[PDB]
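In what follows, a structure is listed as structure tokens, so that the remarks can point back to it.
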Amino acid sequence: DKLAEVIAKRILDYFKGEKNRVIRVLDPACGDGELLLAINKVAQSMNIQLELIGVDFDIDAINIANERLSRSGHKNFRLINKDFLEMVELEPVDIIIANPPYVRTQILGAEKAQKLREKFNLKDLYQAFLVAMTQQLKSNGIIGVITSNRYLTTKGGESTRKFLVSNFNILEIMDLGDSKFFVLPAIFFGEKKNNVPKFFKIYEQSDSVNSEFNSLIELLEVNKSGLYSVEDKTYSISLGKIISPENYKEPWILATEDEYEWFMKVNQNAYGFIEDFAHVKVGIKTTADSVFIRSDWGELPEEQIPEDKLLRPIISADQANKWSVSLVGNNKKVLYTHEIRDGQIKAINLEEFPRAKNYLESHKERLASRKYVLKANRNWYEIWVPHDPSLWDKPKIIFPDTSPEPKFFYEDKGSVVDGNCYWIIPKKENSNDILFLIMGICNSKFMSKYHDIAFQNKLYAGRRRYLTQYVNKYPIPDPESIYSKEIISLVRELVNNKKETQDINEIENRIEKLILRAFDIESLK
């Protein structure tokens, strides 16, 4: 049994179109016709009539494909000796089964680079080939494409992931791994857009092994995960889901059935999400940090020490800690250049702060050399992104953008938040108590597990990215629940009371169990 037949069987089973008509199948790089012969053989087993269209450069491959297609008794086939990218008359097809050739990256001529940019609305020969296949496919058509599996996880595959999830309802991704079928191949099954996608994964495991199957090919149709042996080699097969592929900046990894079920249960038992209760905001960008953010303001010449009102405490990611941070002994302050004047966010008048004026004018060359500031009709001395001066005084949660563990802490000293941190304030009509609940959730192993499943797994890079797109979608339990009330009470204790590590861990243990009760979920793993 050929690998192409397992692809053919999956493609035809996924095809939701009418089965009593002629199905048009395109192989843009048919070669010797391995894929076209396979899909026709499976179609004959299901009494499906196919029109096989094969396109490939090099007559020698086309000639071999021509004699093999004719010998099968199938007469409704058509071979085009041409490059598919240069070719794109060919009507739209129902099915594309493909093994594209373009593997090595190369520089393209400027004439070919531009001709491919405009014709496929690009911003890579592999990208154009992928777009060329999609445009030739009918809406709700099925595609089965063999690629390397590198685009699933690497940053190089971001644009490939974006294109696929934008144009296709992903049906199934098969990660063939280290299995030596032919490179590390992956098979993509997609329905062209006019479904939680399945994820198949098979890898050789070296160190209840089911030895029932006699061939490696039969393993590709197993509907249950586990260890399987066909010879001296034992294979680990994982059937799962791919959750939120639209988040294409993160790798496309398999979620186990248990992880997906737990993920769905948390979502259905959730009372709401962080965005329903609070604003998740980003810190400031001064653009000249060495001028605006210092901890030696008192050591400047007296005529240059900015007036006290302008020096606000500023918190950066390196200071992040769970629950609370000690600001005593910390002199890191930002010269904050904005205020609320006449109900409007305006830059300060330097003439009102002569000492800050002396300091800033001593740095006027660097500050005025910021073209984007002057081009925006803004003053040379301004912090580029100062946000809202009136919001810093509110109690807030602060967390770093990247962290190997959750470091969400409460802050109520009117501190400004730097650019490598985000911060959370409640939407009006919600008490300040909601911040303690949110923090208890955010810092938990529960939400770390949820984050790994829903948005991106820490295991890939060893850190978690707390993007606002992720934190906004953190599930929150019923704040009026007796369990949420106890979480709030315990978190308020961790914030306001200096405690030893032994009972901080105890309180944190209580919060973990309370979150389970608040979501009505028994355990994590």
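Residue numbering restarts at 1 for every chain of the structure tokens, chains are lettered A, B, ... in their displayed order, and ligands are numbered from 1 as they appear.
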Shell around residue 456 in chain A at 8 Å using only C-alpha atoms, local window under 5 positions removed, as a short mmCIF file (atom, residue, chain, number, x, y, z; two decimals) with N, CA, C and O atoms, in the first residue's frame:
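File produced: around.cif:
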```cif
data_model
loop_
_atom_site.label_atom_id
_atom_site.label_comp_id
_atom_site.auth_asym_id
_atom_site.auth_seq_id
_atom_site.Cartn_x
_atom_site.Cartn_y
_atom_site.Cartn_z
N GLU A 250 2.18 31.71 16.37
CA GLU A 250 2.67 30.65 17.23
C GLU A 250 2.68 29.33 16.47
O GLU A 250 1.93 29.14 15.51
N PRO A 251 3.54 28.39 16.88
CA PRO A 251 3.60 27.10 16.19
C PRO A 251 2.26 26.37 16.22
O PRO A 251 1.42 26.59 17.11
N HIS A 451 -3.03 28.58 29.22
CA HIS A 451 -2.24 29.37 28.28
C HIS A 451 -1.45 28.48 27.33
O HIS A 451 -1.40 28.73 26.12
N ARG A 464 6.80 32.10 28.26
CA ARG A 464 5.46 32.40 27.80
C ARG A 464 5.37 33.87 27.41
O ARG A 464 5.91 34.74 28.10
N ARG A 465 4.69 34.13 26.30
CA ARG A 465 4.42 35.49 25.83
C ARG A 465 3.03 35.94 26.25
O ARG A 465 2.03 35.39 25.77
#
```
What are the closest atom pairs, with distances in Å to one decimal, for all residues of range 22-65 of chain A lying within 7 Å of range 2-12 of chain A? Consider only C-alpha atoms, order rows by chain and residue number, and present the result as JSON lines.
```
{"residue": "A:35", "atom": "CA", "partner": "A:4", "partner_atom": "CA", "distance": 5.6}
{"residue": "A:38", "atom": "CA", "partner": "A:5", "partner_atom": "CA", "distance": 5.1}
{"residue": "A:39", "atom": "CA", "partner": "A:8", "partner_atom": "CA", "distance": 4.7}
{"residue": "A:42", "atom": "CA", "partner": "A:9", "partner_atom": "CA", "distance": 6.2}
```
Include N, CA and C atoms and write out the residues we just selected as a CSV table (one decimal), in the first residue's frame.
```
chain,number,residue,atom,x,y,z
A,35,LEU,N,0.8,10.4,-7.5
A,35,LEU,CA,-0.4,10.8,-6.8
A,35,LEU,C,-1.7,10.7,-7.6
A,38,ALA,N,-2.8,7.1,-7.7
A,38,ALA,CA,-3.3,6.6,-6.4
A,38,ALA,C,-4.7,7.1,-6.2
A,39,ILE,N,-5.0,8.4,-6.5
A,39,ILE,CA,-6.3,8.9,-6.2
A,39,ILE,C,-7.3,8.3,-7.2
A,42,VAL,N,-8.2,4.7,-5.6
A,42,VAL,CA,-9.1,4.8,-4.5
A,42,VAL,C,-10.5,5.2,-5.0
```
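Each of A:511, A:377, A:295, A:281 was compared to residue 401 in chain A using only C-alpha atoms, and A:281 turns out to be the nearest.
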### Task
Write out as a PyMOL selection string which residues come within 12 Å of range 111-123 of chain A when counting only C-alpha atoms, dropping same-chain ones fewer than 2 positions away.
chain A and resi 85-88+106-109+125-136+159-160+163
Next, the residues of the selection above should be written as a short mmCIF file (atom, residue, chain, number, x, y, z; two decimals), in the first residue's frame with N, CA and C atoms.
```cif
data_model
loop_
_atom_site.label_atom_id
_atom_site.label_comp_id
_atom_site.auth_asym_id
_atom_site.auth_seq_id
_atom_site.Cartn_x
_atom_site.Cartn_y
_atom_site.Cartn_z
N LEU A 85 3.71 27.22 -12.22
CA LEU A 85 3.76 28.63 -11.86
C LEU A 85 3.77 29.52 -13.10
N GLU A 86 4.59 29.17 -14.10
CA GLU A 86 4.61 29.94 -15.33
C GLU A 86 3.31 29.79 -16.11
N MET A 87 2.67 28.62 -16.04
CA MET A 87 1.42 28.40 -16.77
C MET A 87 0.32 29.31 -16.25
N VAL A 88 0.08 29.28 -14.94
CA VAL A 88 -0.95 30.12 -14.33
C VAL A 88 -0.56 31.58 -14.45
N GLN A 106 16.15 30.45 -2.97
CA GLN A 106 17.08 31.06 -3.91
C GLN A 106 16.68 32.50 -4.16
N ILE A 107 17.65 33.33 -4.54
CA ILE A 107 17.35 34.66 -5.04
C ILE A 107 16.68 34.55 -6.40
N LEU A 108 15.62 35.32 -6.60
CA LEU A 108 14.96 35.41 -7.89
C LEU A 108 15.34 36.71 -8.58
N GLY A 109 15.34 36.67 -9.92
CA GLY A 109 15.53 37.89 -10.68
C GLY A 109 14.45 38.91 -10.38
N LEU A 125 9.35 31.29 -4.04
CA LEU A 125 8.74 30.43 -5.06
C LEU A 125 7.77 29.44 -4.44
N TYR A 126 7.97 29.08 -3.17
CA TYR A 126 7.04 28.18 -2.51
C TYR A 126 5.75 28.90 -2.16
N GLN A 127 5.84 30.17 -1.76
CA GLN A 127 4.64 30.95 -1.47
C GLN A 127 3.78 31.11 -2.72
N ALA A 128 4.40 31.52 -3.83
CA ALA A 128 3.65 31.70 -5.08
C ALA A 128 2.99 30.40 -5.52
N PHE A 129 3.74 29.29 -5.47
CA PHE A 129 3.17 27.99 -5.82
C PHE A 129 1.97 27.65 -4.95
N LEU A 130 2.05 27.98 -3.66
CA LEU A 130 0.92 27.72 -2.77
C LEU A 130 -0.28 28.57 -3.13
N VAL A 131 -0.05 29.84 -3.48
CA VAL A 131 -1.15 30.71 -3.89
C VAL A 131 -1.69 30.27 -5.25
N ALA A 132 -0.80 29.86 -6.16
CA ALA A 132 -1.24 29.43 -7.48
C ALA A 132 -2.15 28.21 -7.39
N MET A 133 -1.85 27.29 -6.46
CA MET A 133 -2.73 26.14 -6.26
C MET A 133 -4.08 26.58 -5.71
N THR A 134 -4.08 27.52 -4.76
CA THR A 134 -5.33 27.93 -4.13
C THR A 134 -6.26 28.61 -5.13
N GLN A 135 -5.70 29.43 -6.03
CA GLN A 135 -6.54 30.13 -7.00
C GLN A 135 -7.13 29.17 -8.03
N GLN A 136 -6.45 28.05 -8.29
CA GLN A 136 -6.96 27.06 -9.23
C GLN A 136 -7.97 26.11 -8.60
N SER A 159 4.34 32.91 7.49
CA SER A 159 3.54 33.32 6.34
C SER A 159 2.82 32.14 5.70
N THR A 160 3.42 30.95 5.71
CA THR A 160 2.72 29.77 5.22
C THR A 160 1.52 29.44 6.10
N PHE A 163 -1.24 32.05 5.44
CA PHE A 163 -1.95 31.84 4.19
C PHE A 163 -2.90 30.65 4.27
#
```
### Task
Could you jot down the CA of residue 179 in chain A to CA of residue 460 in chain A separation for me, Å, one decimal place?
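These two atoms are separated by 21.9 Å.
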### Task
Fewer than 4 positions away in the same chain doesn't count, so skip those; otherwise give me all residues within 6 Å of residue 421 in chain A, counting only C-alpha atoms, as a PyMOL selection string.
chain A and resi 283+317+399-401
Resulting file, chosen residues, N, CA and C atoms, as a PDB file, in the first residue's frame:
```pdb
ATOM      1  N   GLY A 283       2.485  49.491  28.369  1.00  0.00           N
ATOM      2  CA  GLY A 283       3.273  50.544  28.967  1.00  0.00           C
ATOM      3  C   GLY A 283       3.662  51.613  27.959  1.00  0.00           C
ATOM      4  N   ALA A 317      10.034  45.291  33.338  1.00  0.00           N
ATOM      5  CA  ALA A 317       9.829  43.847  33.439  1.00  0.00           C
ATOM      6  C   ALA A 317      10.812  43.203  34.408  1.00  0.00           C
ATOM      7  N   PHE A 399       2.295  43.061  34.595  1.00  0.00           N
ATOM      8  CA  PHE A 399       2.964  41.811  34.277  1.00  0.00           C
ATOM      9  C   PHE A 399       3.930  42.037  33.127  1.00  0.00           C
ATOM     10  N   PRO A 400       5.005  41.258  33.051  1.00  0.00           N
ATOM     11  CA  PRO A 400       5.944  41.400  31.938  1.00  0.00           C
ATOM     12  C   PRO A 400       5.417  40.745  30.674  1.00  0.00           C
ATOM     13  N   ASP A 401       5.898  41.250  29.536  1.00  0.00           N
ATOM     14  CA  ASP A 401       5.463  40.710  28.255  1.00  0.00           C
ATOM     15  C   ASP A 401       5.935  39.273  28.058  1.00  0.00           C
TER      16      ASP A 401
END
```
### Task
Would you mind writing down, as number ranges by chain, each residue of range 280-524 of chain A that DSSP on the backbone assigns to strand (DSSP E)?
A: 280-282, 293-294, 311-315, 323-324, 333-335, 338-341, 344-347, 396-400, 402-403, 409-411, 416-417, 421-426, 464-465, 475-476
### Message
Just want the 9 Å neighbourhood of residue 478 in chain A, counted on only C-alpha atoms, with same-chain residues fewer than 4 positions away dropped. Output as a VMD selection string.
### Response
chain A and resid 270 to 272 482 to 484 518 to 519
### Task
Mind checking which residues fall within 9 Å of range 73-75 of chain A, counting only C-alpha atoms, ignoring those fewer than 4 positions away in the same chain, and posting them as a PyMOL selection string?
chain A and resi 40+50-51+69
### Message
Neighbouring residues of residue 427 in chain A were defined as those with any atom within 8 Å, considering only C-alpha atoms; residues of the same chain fewer than 2 positions away were excluded. Please report them as a PyMOL selection string.
### Response
chain A and resi 276-279+425+429-430
Write to file, as a PDB file, in the first residue's frame, the residues of the selection just made, with N, CA, C and O atoms.
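Final output, result-v1.pdb:
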```pdb
ATOM      1  N   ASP A 276     -13.962  41.181  29.576  1.00  0.00           N
ATOM      2  CA  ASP A 276     -15.291  41.566  30.038  1.00  0.00           C
ATOM      3  C   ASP A 276     -15.246  42.409  31.302  1.00  0.00           C
ATOM      4  O   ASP A 276     -16.215  43.115  31.597  1.00  0.00           O
ATOM      5  N   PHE A 277     -14.147  42.354  32.056  1.00  0.00           N
ATOM      6  CA  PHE A 277     -14.066  43.026  33.341  1.00  0.00           C
ATOM      7  C   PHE A 277     -13.038  44.136  33.397  1.00  0.00           C
ATOM      8  O   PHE A 277     -13.118  44.974  34.304  1.00  0.00           O
ATOM      9  N   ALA A 278     -12.086  44.178  32.471  1.00  0.00           N
ATOM     10  CA  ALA A 278     -10.918  45.016  32.676  1.00  0.00           C
ATOM     11  C   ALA A 278     -10.311  45.419  31.343  1.00  0.00           C
ATOM     12  O   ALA A 278     -10.561  44.804  30.302  1.00  0.00           O
ATOM     13  N   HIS A 279      -9.507  46.474  31.394  1.00  0.00           N
ATOM     14  CA  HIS A 279      -8.714  46.920  30.261  1.00  0.00           C
ATOM     15  C   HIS A 279      -7.293  46.405  30.431  1.00  0.00           C
ATOM     16  O   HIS A 279      -6.681  46.595  31.488  1.00  0.00           O
ATOM     17  N   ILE A 425      -6.382  47.416  34.434  1.00  0.00           N
ATOM     18  CA  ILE A 425      -7.255  48.186  35.316  1.00  0.00           C
ATOM     19  C   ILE A 425      -8.687  47.754  35.024  1.00  0.00           C
ATOM     20  O   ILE A 425      -8.994  47.364  33.886  1.00  0.00           O
ATOM     21  N   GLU A 429     -17.568  50.010  36.674  1.00  0.00           N
ATOM     22  CA  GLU A 429     -18.701  49.235  37.191  1.00  0.00           C
ATOM     23  C   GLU A 429     -18.207  47.968  37.879  1.00  0.00           C
ATOM     24  O   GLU A 429     -18.990  47.270  38.531  1.00  0.00           O
ATOM     25  N   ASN A 430     -16.921  47.655  37.744  1.00  0.00           N
ATOM     26  CA  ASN A 430     -16.327  46.534  38.456  1.00  0.00           C
ATOM     27  C   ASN A 430     -15.491  47.074  39.606  1.00  0.00           C
ATOM     28  O   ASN A 430     -14.783  48.073  39.458  1.00  0.00           O
TER      29      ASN A 430
END
```
### Message
Among range 161-207 of chain A, which residues does DSSP mark as alpha helix (DSSP H) when it is run on the backbone? Keep the chain and numbering as in the structure and answer as a PyMOL selection string.
### Response
chain A and resi 161-167
Can you build me a table of range 383-486 of chain A residues sitting at most 7 Å from range 340-361 of chain A, with the closest atom pair per residue and its distance in Å to one decimal, using only C-alpha atoms, sorted by chain and residue number, as a tab-separated table?
```
residue	atom	partner	partner_atom	distance
A:388	CA	A:345	CA	6.9
A:389	CA	A:340	CA	6.6
A:390	CA	A:340	CA	7.0
```
### Query
What is the CA of residue 52 in chain A to CA of residue 76 in chain A distance in Å?
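According to the coordinates, CA of residue 52 in chain A and CA of residue 76 in chain A are separated by 6.5 Å.
Minimum distance to residue 200 in chain A across A:140, A:169, A:247, A:256 (counting only C-alpha atoms) occurs at A:256.
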### Query
Do you have the CA of residue 197 in chain A-CA of residue 264 in chain A distance handy?
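Computed distance, CA of residue 197 in chain A to CA of residue 264 in chain A, equals 14.3 Å.
Residue nearest residue 325 in chain A within the list A:485, A:71, A:407, A:192: A:407 [criterion: smallest interatomic distance, only C-alpha atoms].
Comparing the minimum interatomic distances between residue 424 in chain A and each of A:443, A:195, A:472, A:497, counting only C-alpha atoms, we find that A:472 sits nearest.
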